[PDB]
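Working notes, beginning with the structure itself.
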Amino acid sequence: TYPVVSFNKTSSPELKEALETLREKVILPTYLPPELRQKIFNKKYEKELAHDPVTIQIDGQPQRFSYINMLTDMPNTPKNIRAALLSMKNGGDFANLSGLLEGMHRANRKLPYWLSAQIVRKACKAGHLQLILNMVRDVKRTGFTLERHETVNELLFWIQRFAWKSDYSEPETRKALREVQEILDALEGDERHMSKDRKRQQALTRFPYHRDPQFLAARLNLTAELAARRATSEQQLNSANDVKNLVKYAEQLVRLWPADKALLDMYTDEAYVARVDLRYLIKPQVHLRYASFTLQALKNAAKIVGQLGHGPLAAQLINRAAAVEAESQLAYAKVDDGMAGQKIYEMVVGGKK
Amino acid sequence: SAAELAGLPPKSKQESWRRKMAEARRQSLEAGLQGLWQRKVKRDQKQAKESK
Amino acid sequence: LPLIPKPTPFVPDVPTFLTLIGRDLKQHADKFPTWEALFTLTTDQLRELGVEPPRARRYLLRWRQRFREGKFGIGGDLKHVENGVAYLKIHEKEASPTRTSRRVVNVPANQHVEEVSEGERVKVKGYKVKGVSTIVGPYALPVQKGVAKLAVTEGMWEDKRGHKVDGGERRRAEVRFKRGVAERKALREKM
Amino acid sequence: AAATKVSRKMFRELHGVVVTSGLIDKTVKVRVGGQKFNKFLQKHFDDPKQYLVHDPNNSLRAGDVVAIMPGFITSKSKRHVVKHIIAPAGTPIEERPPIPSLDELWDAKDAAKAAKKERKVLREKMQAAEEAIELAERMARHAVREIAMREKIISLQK
Amino acid sequence: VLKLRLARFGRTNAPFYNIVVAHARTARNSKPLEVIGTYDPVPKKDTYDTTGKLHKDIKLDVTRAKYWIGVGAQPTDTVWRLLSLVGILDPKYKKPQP
RNA sequence: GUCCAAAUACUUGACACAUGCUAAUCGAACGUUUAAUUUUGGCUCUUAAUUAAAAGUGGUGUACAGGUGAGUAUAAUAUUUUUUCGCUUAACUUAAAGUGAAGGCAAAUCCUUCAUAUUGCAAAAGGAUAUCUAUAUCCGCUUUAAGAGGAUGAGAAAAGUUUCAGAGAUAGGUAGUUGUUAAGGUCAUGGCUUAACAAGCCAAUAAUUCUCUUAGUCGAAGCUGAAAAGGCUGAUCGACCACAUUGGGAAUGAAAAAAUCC
RNA sequence: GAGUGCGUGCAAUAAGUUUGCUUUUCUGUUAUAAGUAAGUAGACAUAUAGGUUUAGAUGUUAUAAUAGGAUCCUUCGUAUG
Ligand SMILES: [K+]
Ligand SMILES: [Mg+2]
Ligand SMILES: [Mg+2]
Ligand SMILES: [Mg+2]
Ligand SMILES: [Mg+2]
Ligand SMILES: [Mg+2]
Ligand SMILES: [Mg+2]
Ligand SMILES: [Mg+2]
Ligand SMILES: [Mg+2]
Ligand SMILES: [Mg+2]
Ligand SMILES: [Mg+2]
Ligand SMILES: [Mg+2]
Ligand SMILES: [Mg+2]
Ligand SMILES: [Mg+2]
Numbered sequence: 001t002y003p004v005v006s007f008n009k010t011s012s013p014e015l016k017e018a019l020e021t022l023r024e025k026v027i028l029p030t031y032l033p034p035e036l037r038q039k040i041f042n043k044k045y046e047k048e049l050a051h052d053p054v055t056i057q058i059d060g061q062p063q064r065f066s067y068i069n070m071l072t073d074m075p076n077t078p079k080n081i082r083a084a085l086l087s088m089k090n091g092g093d094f095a096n097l098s099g100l101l102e103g104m105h106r107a108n109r110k111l112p113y114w115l116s117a118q119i120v121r122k123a124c125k126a127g128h129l130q131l132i133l134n135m136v137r138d139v140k141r142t143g144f145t146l147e148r149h150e151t152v153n154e155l156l157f158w159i160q161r162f163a164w165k166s167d168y169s170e171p172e173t174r175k176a177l178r179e180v181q182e183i184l185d186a187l188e189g190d191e192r193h194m195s196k197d198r199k200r201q202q203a204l205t206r207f208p209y210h211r212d213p214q215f216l217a218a219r220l221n222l223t224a225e226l227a228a229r230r231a232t233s234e235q236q237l238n239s240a241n242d243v244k245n246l247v248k249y250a251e252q253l254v255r256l257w258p259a260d261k262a263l264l265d266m267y268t269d270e271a272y273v274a275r276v277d278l279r280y281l282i283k284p285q286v287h288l289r290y291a292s293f294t295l296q297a298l299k300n301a302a303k304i305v306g307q308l309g310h311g312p313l314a315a316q317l318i319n320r321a322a323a324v325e326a327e328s329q330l331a332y333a334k335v336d337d338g339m340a341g342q343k344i345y346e347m348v349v350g351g352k353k
Numbered sequence: 354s355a356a357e358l359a360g361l362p363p364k365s366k367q368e369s370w371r372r373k374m375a376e377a378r379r380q381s382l383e384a385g386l387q388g389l390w391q392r393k394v395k396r397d398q399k400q401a402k403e404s405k
Numbered sequence: 406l407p408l409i410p411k412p413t414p415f416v417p418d419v420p421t422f423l424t425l426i427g428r429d430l431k432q433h434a435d436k437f438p439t440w441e442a443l444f445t446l447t448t449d450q451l452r453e454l455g456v457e458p459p460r461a462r463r464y465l466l467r468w469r470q471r472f473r474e475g476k477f478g479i480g481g482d483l484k485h486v487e488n489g490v491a492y493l494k495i496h497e498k499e500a501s502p503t504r505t506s507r508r509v510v511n512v513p514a515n516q517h518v519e520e521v522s523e524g525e526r527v528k529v530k531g532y533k534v535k536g537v538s539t540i541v542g543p544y545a546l547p548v549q550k551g552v553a554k555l556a557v558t559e560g561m562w563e564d565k566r567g568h569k570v571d572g573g574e575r576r577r578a579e580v581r582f583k584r585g586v587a588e589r590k591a592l593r594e595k596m
Numbered sequence: 597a598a599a600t601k602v603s604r605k606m607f608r609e610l611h612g613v614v615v616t617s618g619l620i621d622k623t624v625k626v627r628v629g630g631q632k633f634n635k636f637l638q639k640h641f642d643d644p645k646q647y648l649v650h651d652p653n654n655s656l657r658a659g660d661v662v663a664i665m666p667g668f669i670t671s672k673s674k675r676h677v678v679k680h681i682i683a684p685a686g687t688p689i690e691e692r693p694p695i696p697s698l699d700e701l702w703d704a705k706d707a708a709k710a711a712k713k714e715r716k717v718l719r720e721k722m723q724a725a726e727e728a729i730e731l732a733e734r735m736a737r738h739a740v741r742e743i744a745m746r747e748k749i750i751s752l753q754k
Numbered sequence: 755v756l757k758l759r760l761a762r763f764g765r766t767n768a769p770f771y772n773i774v775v776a777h778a779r780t781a782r783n784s785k786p787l788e789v790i791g792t793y794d795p796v797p798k799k800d801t802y803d804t805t806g807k808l809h810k811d812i813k814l815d816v817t818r819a820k821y822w823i824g825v826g827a828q829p830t831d832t833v834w835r836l837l838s839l840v841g842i843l844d845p846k847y848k849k850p851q852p
């Protein structure tokens, strides 16, 4: 069905070393039938393979497969992925994650739960957001499921940051708001993103990802940045239309989000205990990271909704913002000078720049 | 059925049909066994009566 | 005695009915002068008109009796049809603060789902929402995100007759073998 | 309840003559009478038959008249048992070992069979205990490792 | 699978049936396990009757058919229709009232 | 030799066969491809889907129905009567409990395997349709306890029954074969099984074995006689047996009971 | 002299097949070994981070014993002489 995994673009030589190792011993063997794949890892057939090694009609050229000691010759998949990941400083380099995670999905390699959040961080800080959303869209092949609650909170963060970087320009904001809805529709509709781990995290938070106030607040941010610009008939229709979605989403977030409850109190108190789910939020360095856009959203949202003549919502949204701002200010007094969280929050909410 | 001995209504359309067909087979077996039993008794008496 | 059912919006006239049920029954669309002649004519009368073979006459009488009982095929419960083309749309709701019930309803092409009243929106049977903006169901071609249409096609409601691939279970090896022989001869002749 | 008792049912008695004896232990060939009806000729023909009768105490000599009974299964080809001696041959009846009554022969089967079941229930229980010990012994080596490994982790959380 | 079905007999253009209890996968006219009764499709007319009514003669052993129905016998569509009239089973089909 | 209806119609070469047909079906098991349709991404190519066709993987059925009479010479672990019984994981009725977790193929209700299921061995599979401003049903799957059915175990015990083709030759056959003791096995009985002893058991008028010739067997099923345990036939009807060019064979399955398979 | 759908002996023999001092291989528990691959369990630390490190309780790999099923040879074995 799909083309065989291949890597033909590597800027540094160390990168190629990590990929060629996995490709020839962890990904390529999977393309063999169940019969032959059991011969490579057998000592009884070592003597035979040395004479007539196995071959496959890959792109015409016949491949080769000799004996491979399962205990010694096999490489360490986590380390190799980490080495390959750190050695990525080019567009063509990060384009290999689509093939890398594909082969790992074929090899049934249970990668670290936190790996998804790491790939989204390094790949997005270099300007390769589309290569990520392409994998999330092509989940049937790359296996880049949105399992972790952090991966969803890490991805939505960058989507908002890319738009915020250019002062929320209409051309990109219109495109950025499409990507957010592309995810919220995938978490609900698409079934590839549903797994046992996600069933546990949702049970602790009592909110499904597509109805989690932490994620919905991202959709309310970009929306609030569309009505602020305008509030030419074709363009005037979109502005008036966005005012309906704002009051619609703003009225939905207040319902789910309880009263006077900050980010660390939204979910149940039993979720912040386990480290395999919803514990990154405890560290102030990470809290300020996801508490900046969600905070600025409520402020900018409560403002517009106040101009339209909605008293209740104005007081409601300001209630949450005051609760998150107070909690956010606390974390700002404990974060170490130089950490990413202190810089992001200082640039977004503080507006220093 | 346990759901029938408790006096509960049928779950769906099919459950009601099965309840009726099962009873039709329950009453038919009773009237069949008893009906055929009287035939044998009435037949054995005639033979013994005449043979006597 | 012979009650006649009212024409529905999806099946307004006879040519539409005979087209849906397929089986090449649209030949005799002219035999029936009106809609009331289809459900009135008898077996013997249809035999005099020319409705043959008997398989087509007995098959038409079946879909005839099946129409009186409201046992329509697919897309028969539609109400908002325009020139044999319908339009489906998704109607979202809020069953709970964390769930959403989506139903494939039938509304005019121009009007929006929420704008239509409760009694005007009709839920079509056999069509569901797989996901959040995809309409799944037989003969549901997509028009937009969350919008599909139903075009009146031939054989839409027909009961497909079985066929044999290459003579069935008994005479199958014999058919394939001869076909192969002809191909090889042609290739040798061509070379 | 668990012991199966013989039928202890009485059957017909036949008068015959011991044709052979002393060839096989506790067995004699007795010749009894019969009559088979021919349906074509409408005539009865003598149809004598010779069976292998069970002699428990070897108290029968070839030539004496005896009374046998069927339904006493003792071997593959033996289905008759001696009831009593009609007319002895050679020596009087009082100079031969007594013929056990059918009750004595039936009781031997019940007792012999009952004791057989006693060995089964005993050998069965021993086989179960001899196997449950080997099965529970694995739990010891398997539980000691788990308890020794599970206690190591718990002790590191205090 | 025990079935209560009709074994067709008679001559050309003169059908006469035989209600029987036979195995499903067996010839239609093979010797069955039992013969519950007979059935004549062509309706008759009373001898000295000019009203125009018609009736159908059906001989059936109800007591024997009930036992077989109670042990899992599956009557065909036609035999089921007859048993419904007798009151042993419920109608499988009904005329739509609407 | 005018007409009508019903019923019969290769009795011979089981000789050779042109052509069309006699077993297929389920999309509410499953994905694969090709078409348009609508969405992505990057500037025709490339994602993710919907829909319809066309070949397939799976489940059940081709173990029923229908045809023929070549071969086939019989007393057999065959058959009724009464007493006592046993087995049955498919399908059909009644009900209960359980229907979770991975891997392999493109995918699966297909293969492989795990957890759980009185004590310990021993199972399963999912698919589909509604309701509300997740819940409840539907068609299946696994196991267990019964009824029914059964082609079932060598069932057994007692007393009976079975007109076994024609012609010729053959006096030995039987080796766990016959019995005893002990033990196992079995619902129970039986060298059924094993160990150690004993030399027995069946038959003598052919038990046993062999050659030749001929034949599907049977029924008030057909014909016939006043009648005989009548005679003859063995078409149409029903039951049984065998075979599917000839010869030699195995597996699957609850069960070979196939026009299958080698 | 010609023929033979018969019986039978020997040789030979495809499918199939008894047996095991035949040859390979898979699976199952049982007892060990390893923890470098896969995993599965922790213990510490880091922060545009997610590293270091030990561990075998299920499980993976290896050896041995043992049970079983597939392959090769063997035996029997149509045609054929
Ligand atoms: K013939
Ligand atoms: Mg005399
Ligand atoms: Mg057949
Ligand atoms: Mg015949
Ligand atoms: Mg399940
Ligand atoms: Mg008697
Ligand atoms: Mg023997
Ligand atoms: Mg013949
Ligand atoms: Mg014959
Ligand atoms: Mg030889
Ligand atoms: Mg040889
Ligand atoms: Mg390791
Ligand atoms: Mg040798
Ligand atoms: Mg030969």
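The listed protein sequences derive, respectively, from chains A, B, C, D and E.
Residues in the first sequence are numbered consecutively from 1, following the working numbering.
Residues in the second sequence are numbered consecutively from 354, following the working numbering.
Residues in the third sequence are numbered consecutively from 406, following the working numbering.
Residues in the fourth sequence are numbered consecutively from 597, following the working numbering.
Residues in the fifth sequence are numbered consecutively from 755, following the working numbering.
Ideal placement from N, C-alpha and C gives every residue a C-beta, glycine not left out.
Simplified DSSP assignment, three categories, for residue i
| i | result |
| --- | --- |
| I479/C | coil |
| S98/A | helix |
| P3/A | coil |
| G612/D | strand |
| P666/D | strand |
| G764/E | strand |
| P547/C | strand |
| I790/E | strand |
Counterpart residues of residue i in DSSP-defined beta bridges
| i | result |
| --- | --- |
| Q57/A | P62/A |
| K494/C | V510/C, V552/C |
| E487/C | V490/C |
| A683/D | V661/D |
| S501/C | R504/C |
| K196/A | None, per the DSSP bridge assignment. |
Closer than 8 Å to chain A by CB, residue i
| i | result |
| --- | --- |
| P458/C | no |
| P438/C | no |
Residue i at chain B interface by Cβ criterion, 8 Å
| i | result |
| --- | --- |
| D844/E | yes |
| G824/E | yes |
Bounding residues of the beta strand (DSSP E) (the contiguous stretch that carries residue i)
| i | result |
| --- | --- |
| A776/E | 768-777 |
| residue 884/E | Chain E is shown from 755 up to 852; residue 884/E falls before or after that span and cannot be answered. |
| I812/E | 812-814 |
Residue-chain proximity (residue i, chain C), Cβ-Cβ < 8 Å
| i | result |
| --- | --- |
| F207/A | yes |
Residue-chain proximity (residue i, chain E), Cβ-Cβ < 8 Å
| i | result |
| --- | --- |
| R371/B | no |
Bounding residues of the alpha helix (DSSP H) (the contiguous stretch that carries residue i)
| i | result |
| --- | --- |
| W164/A | 149-165 |
Could I get the ranges of all uninterrupted beta strand (DSSP E) runs contained in the region 621-659 of chain D, with 3 residues as the minimum, in chain order? 624-628, 631-634, 639-642, 645-650
Mind pulling the alpha helix (DSSP H) runs of 4 or more residues that sit fully within the region 220-293 of chain A? 233-256, 263-266, 284-290
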